[PDB]
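Participant:
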Amino acid sequence: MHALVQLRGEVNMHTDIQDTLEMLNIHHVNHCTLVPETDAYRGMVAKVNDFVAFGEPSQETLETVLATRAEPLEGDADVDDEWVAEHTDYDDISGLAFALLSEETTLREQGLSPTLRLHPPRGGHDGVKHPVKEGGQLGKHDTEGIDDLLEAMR
Amino acid sequence: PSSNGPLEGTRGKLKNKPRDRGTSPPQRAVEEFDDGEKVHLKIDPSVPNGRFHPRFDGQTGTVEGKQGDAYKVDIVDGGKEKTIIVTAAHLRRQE
Amino acid sequence: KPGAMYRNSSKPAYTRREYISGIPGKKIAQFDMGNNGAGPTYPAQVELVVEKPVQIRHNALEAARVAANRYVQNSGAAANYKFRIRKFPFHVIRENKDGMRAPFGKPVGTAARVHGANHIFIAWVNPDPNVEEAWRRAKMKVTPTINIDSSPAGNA
Amino acid sequence: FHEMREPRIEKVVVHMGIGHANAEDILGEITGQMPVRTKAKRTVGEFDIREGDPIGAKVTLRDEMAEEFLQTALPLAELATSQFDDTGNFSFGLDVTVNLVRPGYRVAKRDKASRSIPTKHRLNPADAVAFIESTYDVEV
Amino acid sequence: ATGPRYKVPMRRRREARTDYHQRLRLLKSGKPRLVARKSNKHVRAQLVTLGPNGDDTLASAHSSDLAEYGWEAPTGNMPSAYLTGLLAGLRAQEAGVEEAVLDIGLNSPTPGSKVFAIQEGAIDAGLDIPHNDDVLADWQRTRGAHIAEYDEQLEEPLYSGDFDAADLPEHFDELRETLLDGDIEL
RNA sequence: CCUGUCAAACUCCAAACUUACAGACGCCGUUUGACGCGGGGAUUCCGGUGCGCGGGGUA
RNA sequence: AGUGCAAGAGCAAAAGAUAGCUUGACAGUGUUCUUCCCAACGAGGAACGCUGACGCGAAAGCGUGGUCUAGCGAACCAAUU
RNA sequence: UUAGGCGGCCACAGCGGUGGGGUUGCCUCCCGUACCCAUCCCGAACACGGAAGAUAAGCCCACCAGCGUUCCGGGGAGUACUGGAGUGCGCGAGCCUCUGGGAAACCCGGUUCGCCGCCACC
Ligand SMILES: [Cl-]
Ligand SMILES: [Cl-]
Ligand SMILES: [Mg+2]
Ligand SMILES: [Mg+2]
Ligand SMILES: [Mg+2]
Ligand SMILES: [Mg+2]
Ligand SMILES: [Mg+2]
Ligand SMILES: [Mg+2]
Ligand SMILES: [Mg+2]
Ligand SMILES: [Mg+2]
Ligand code: NA
Ligand code: NA
Ligand code: NA
Ligand code: NA
Ligand code: NA
Ligand code: NA
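Chains as they are written, first to last, in our numbering: chain A, 3 to 156; chain B, 396 to 490; chain C, 31 to 186; chain D, -15 to 124; chain E, 208 to 393.
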């Protein structure tokens, strides 16, 4: 399971790419979604490879992000341990986290918005004109690489 | 195009590779299809009759009745619905 | 007329004589030079390597070839070496000589398409590379920059 | 093995390539059965432009009819060698051709499952000379 | 054979066994096919239908297993063919088969020929086949009469030992008679 | 036999890709009625530019 | 090779060749595709049927002109069935 | 299938070549023209009738790879070309990097001298 984050805006981006971002529930820059590692999803992230940043996040970092930016399918409600236990199958954020990563469930399945609307990266990211392998911030990331970015946008 | 005949620009699609040259096996000209069955359209270069307009080469229709020995296949061209009169020689069971 | 008008490989290949008429004759006199009676039984084999795809008019071919071979007469009219220009000017070229109305031009020449790194000339010589010089003069008359390459020859 | 490998005559074609006939009459007597017209192909200068047009006749004799003809034909010829087919045939003379072959030829002349006669089973010039030579005359 | 671009006929045309063009026209009827085949010594009749991996023979009869019902005569003749036709026909009927079209392979449509004879027999057997009465033999020649009369110009028996000296078209009747009621494999 | 080259109107080969249909996931629709149908009212049929692919042309 | 004619495409127990017979180059009316991709638009054109009458074949069957893509013309008025 | 008949796929099956096989199930070559039927001339063919002889053809069986064809290994080649991205390079033609695809010729070594269906049958 990979964490997706849209790093480039819609103006000028191919329509079929945009649409794909849309079917992955992200509709704005800095929006993030968690996506299963399947043939069908892989094709989608690849298509979107050039306007996003993705990779497998650490249990920890998922937990930070979840807690900080997870939202109910509707409303303000903070997704904190309690919320999670009093609303989901799990007992606490951590247990939700582990289940996502092990792709045993999805944010929707647990009453949550599929979208983690992150905050701009504190300190700025590595640029949206080059992939990681080039010093930029686009494309697949290290689990260590994704974490840093997610964490920066916590 | 310089002209607008039916065979306009059909050189490749209406020409056999050298080894597939000459009359074709009848078994497939006699193939029977039921109403509802999905069939891919494709013209057999060897077979002159029971043909359809070259443009449809590639479509996968739904046989829906027949006319004479010829089948009536319903297809959708772009967004338009269409019925095509074609023989078993030029069809194939999908899957 | 300038090389600038035809030196790029930007138009389609146009070589079907069955559909073209009035093609000027090539000015290239020969492709095999030297002792053509002998086969590449030479110790040393240098080549003139073109460094960018381009078109080369039969004009430039003949001038580049004369200039090198006419010089390889540092070895004698019946000298021990064989020279070879491997490209032929297939590509028919036009000119629109009415303004831009009915402009598909009229055949005015032929040119050979050389990709960067192809060898256009190959010379065979015993340890006696005056040929290296025949080529400094030849790539002087073709559009591209060139590389003078030696293959069988570690007699340095 | 042999018996089924020994030569035999299969038809002797006697044709008169004229250029426009009254000649049939003689072929009919010299052989013993009706001749057949010889139309020609292509238009040519020898005022022979007519496509479908009688230009000679022929007669294909089989079995006895053939021998009984050769038994007078052959004597009138001398030649041999070089003048033989690579398949063991020969034509001499008015023409008189002699097609020669071995027992299982029908295989190549029938309708169903027909097939071409293997090169081994074909008759060689040599094996041909022998057969005929061994029947009232001499080779070369 | 010669190169990459060379065209090799289909196996059954190589062998000069199947006339595909005639085979298409036959298959159009959508009915089963009465395959009428001869040999120097025997005559075969099949009732073939179309299948996914190749023809299916639902009913057949060989001039050989004719004796199995009392045939003591040669088997590459007229009466022989008819009866094989009729025999295949009856096994056909038994099969639940009602109609077919005569496929005569590479044989020729000569009148009063053995294939037609095969045809006539299968018809009489209860099979509904498209036909033409005046291309069939005059019954008498189907009985083998032409042969009895041929042996009248005897001086030497037509049959080497075999059965009889003057032959029997009557033997013919006795057999058709036998096939038209009861018996095994029918 | 050996040796030197080509193809928009060549092909023994042959992609990426584009495309028909089906299933799966995805997204969407069943109080925001999609898909689709019928009808009223238009505007519009001088376009341009970047990129990729082009055809023509020295450009 | 040949298959009337451009160019491209089909064809070998044939779609070509020879022979023989025959007039389906038939009347009537349709279905569909095309003309006009998608997506409305006439004439025209084609593919595929039916009804009726025939031709040839043992028969399945083939013949809705020429192997396929060009060879085509509205209202009004006249003549004709 | 100790030899058959109808096929499907239509060369992995084509081309060439070697070996083996028949008082019988057989298939053929073969023998023979009174008949049905036949040749613009020939019982060659077609058609009919038949067993004196034969396994030489055909055919069936077993095999060979020299050509043609199919597929595979390793090499060519992740080369050529390419869908998406770039304030990367280049005077420019054009190149490069990242991401998702990915070839052709040719060479060397294997494979391929058909496979499968229904029927009939010491
Ligand atoms: Cl037969
Ligand atoms: Cl159509
Ligand atoms: Mg909300
Ligand atoms: Mg700051
Ligand atoms: Mg920046
Ligand atoms: Mg094209
Ligand atoms: Mg395209
Ligand atoms: Mg027609
Ligand atoms: Mg009038
Ligand atoms: Mg043998
Ligand atoms: Na074909
Ligand atoms: Na002017
Ligand atoms: Na230069
Ligand atoms: Na119309
Ligand atoms: Na005549
Ligand atoms: Na044999």
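Every residue, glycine too, gets a C-beta built ideally from N, C-alpha and C.
1. Using a Cβ cut-off of 8 Å, which residues of the segment 78 to 103 of chain D contact any Cβ in chain E, in chain order?
2. Mind pulling the chain E residues with CB within less than 7 Å of B/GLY417?
3. Curious, which full-length beta strand (DSSP E) runs of at least 3 residues does the segment 396 to 455 of chain B contain?
4. Would you tell me roughly how many angstroms separate the C-alpha atoms of D/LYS93 and B/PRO443, rounded to the nearest one?
5. Thinking C-beta only, is B/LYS410 closer than 8 Å to B/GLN489?
6. Which runs of the alpha helix (DSSP H) fall wholly inside the segment 241 to 280 of chain E and span at least 4 residues, in chain order?
7. Quick one: measure Cβ to Cβ for E/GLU327 and E/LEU313, integer angstroms, because I've assumed they're closer than 8 Å.
8. Buried or exposed: which applies to E/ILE391, given that a residue is buried once 16 or more other Cβ atoms fall within 10 Å of its Cβ?
9. Does any residue of chain B have a CB that is nearer than 8 Å to the CB of E/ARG230?
10. What residues are listed by DSSP as bridge partners for A/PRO74?
11. What residue from C/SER105, C/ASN38, C/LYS31, C/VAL122 has the CA that sits closest to C/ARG47's CA?
12. Below 8 Å between beta carbons: does that hold for C/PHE113 and C/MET63?
13. Applying the 10 Å Cβ sphere with the 16-neighbour rule, what's the burial state of D/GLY1?
14. Can you list, in chain order, the stretches of the alpha helix (DSSP H) that have 4 or more residues and sit fully within the segment 21 to 60 of chain A?
15. Once you ignore the five residues that flank D/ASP95 on each side, which residues in its own chain have a CB closer than 6 Å to its CB?
16. If the cut-off is 9 Å on Cβ atoms, which residues from the segment 402 to 415 of chain B count as contacting chain E, listed in chain order?
17. Determine, for B/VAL425, whether the minimum Cβ-Cβ distance to residues of chain E falls below 8 Å.
18. By how many angstroms is the C-alpha of A/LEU151 removed from the C-alpha of A/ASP144?
19. Please compile the residues from chain B whose C-beta is within a distance smaller than 9 Å of the C-beta of E/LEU234.
20. Identify, in the order they occur along the chain, each residue of the same chain with its Cβ nearer than 6 Å to the Cβ of C/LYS31, setting aside the five sequence neighbours on each side.
21. Which residues mark the beginning and the end of the beta strand (DSSP E) in which D/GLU(-6) is found?
22. Taking CB distances under 8 Å as the criterion, tell me whether residue 205 of chain E reaches chain D.
23. Along the chain, which unbroken stretches of the alpha helix (DSSP H) at least 4 residues long are found entirely within the segment 90 to 142 of chain A?
24. For E/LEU309, would you say it is in contact with chain D, using Cβ-to-Cβ distances shorter than 8 Å as the test?
25. Report the neighbours of E/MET217 on chain B: residues whose CB is nearer than 8 Å to its CB, in chain order.
26. Answer yes or no: do E/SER270 and E/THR291 have a C-beta to C-beta separation smaller than 8 Å?
27. Is the separation between the beta-carbon of B/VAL471 and that of B/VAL458 shorter than 8 Å?
28. Just the C-alpha distance for D/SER75 and D/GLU13, rounded to the nearest angstrom, thanks.
29. Could you check the C-alpha separation between E/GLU279 and E/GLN347 for me, to the nearest Å?
30. Could you tell me the distance, in whole angstroms, from the CA atom of A/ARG124 to the CA atom of A/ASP18?
31. Among A/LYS131, A/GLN112, A/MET15, A/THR66, whose alpha-carbon lies nearest the alpha-carbon of A/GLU88?
32. Determine, using beta-carbon pairs with one atom in the segment 86 to 106 of chain A and one in the segment 54 to 67 of chain A, whether at least three such pairs fall under 8 Å.
33. Going by Cα to Cα distance, which pick from A/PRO116, A/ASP128, A/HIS4 is closest to A/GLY45?
34. Can you pull the chain D residues whose beta carbon is under 8 Å from the beta carbon of E/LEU254, in chain order?
35. So, does the CB of E/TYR276 fall closer than 8 Å to a CB anywhere in chain B?
36. Whole angstroms are fine: how far does the CA of E/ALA302 sit from the CA of E/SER267?
Facilitator: A quick look at the data gives this:
1. The residues in question are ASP95, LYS96, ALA97, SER98, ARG99.
2. Chain E residues near B/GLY417: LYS214.
3. As far as the segment 396 to 455 of chain B is concerned, its whole beta strand (DSSP E) runs of at least 3 residues are 433 to 435.
4. For D/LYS93 and B/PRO443, the distance between alpha carbons rounds to 33 Å.
5. The answer is no: Cβ separation not under 8 Å.
6. Secondary structure remark: continuous alpha helix (DSSP H) runs of at least 4 residues inside the segment 241 to 280 of chain E: none found.
7. Contact between E/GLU327 and E/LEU313 does not hold, since the beta-carbon distance rounds to 21 Å and is not under 8 Å.
8. Exposed is the call here.
9. At least one chain B Cβ lies under 8 Å of E/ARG230.
10. Note: A/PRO74 sits in a beta bridge opposite A/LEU114.
11. Ranking C/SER105, C/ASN38, C/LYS31, C/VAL122 by Cα distance to C/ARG47 puts C/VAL122 first.
12. For C/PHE113 and C/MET63, yes; Cβs fall inside 8 Å.
13. The residue in question, D/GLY1, is exposed, as its Cβ has fewer than 16 Cβ neighbours within 10 Å.
14. Considered as a whole, the segment 21 to 60 of chain A harbours 41 to 49 as its complete alpha helix (DSSP H) runs of no fewer than 4 residues, in chain order.
15. Cβ neighbours of D/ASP95 beyond the five flanking positions: none.
16. For the segment 402 to 415 of chain B, which is checked against every Cβ of chain E, the residues closer than 9 Å are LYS412, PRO413, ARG414, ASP415.
17. Yes, contact with chain E.
18. The straight-line gap from Cα to Cα measures roughly 10 Å.
19. Counting only Cβ-Cβ distances below 9 Å, E/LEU234 has contacts in chain B at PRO421, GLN422, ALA424, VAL425, in chain order.
20. Nothing listed; no residue qualifies.
21. Residues -7 to -1.
22. No statement about residue 205 of chain E is possible, as the shown extent of chain E runs from 208 to 393 and does not include it.
23. Listed in chain order, they are 95 to 103.
24. Among the residues facing chain D, E/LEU309 is not included, as its CB has no counterpart in that chain under 8 Å away.
25. Under the 8 Å cutoff, chain B gives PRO420.
26. Yes, they are a contact pair.
27. Cβ atoms of B/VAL471 and B/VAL458: not closer than 8 Å.
28. Between the alpha carbons of D/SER75 and D/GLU13 lies a distance of about 20 Å.
29. If you take the alpha carbons of E/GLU279 and E/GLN347, they lie about 19 Å apart.
30. Straight-line Cα distance between these residues: approximately 31 Å.
31. Closest in alpha carbon position to A/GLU88, among A/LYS131, A/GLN112, A/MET15, A/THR66, is A/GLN112.
32. Judged by Cβ distances under 8 Å, the segment 86 to 106 of chain A makes contact with the segment 54 to 67 of chain A, as three or more pairs qualify.
33. It is A/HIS4 whose Cα lies nearest to the Cα of A/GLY45.
34. Per Cβ cutoff of 8 Å: no residues; E/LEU254 is ~21 Å from chain D at best.
35. Among the residues facing chain B, E/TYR276 is not included, as its CB has no counterpart in that chain under 8 Å away.
36. A straight line joining the alpha-carbon of E/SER267 with that of E/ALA302 spans about 10 Å.
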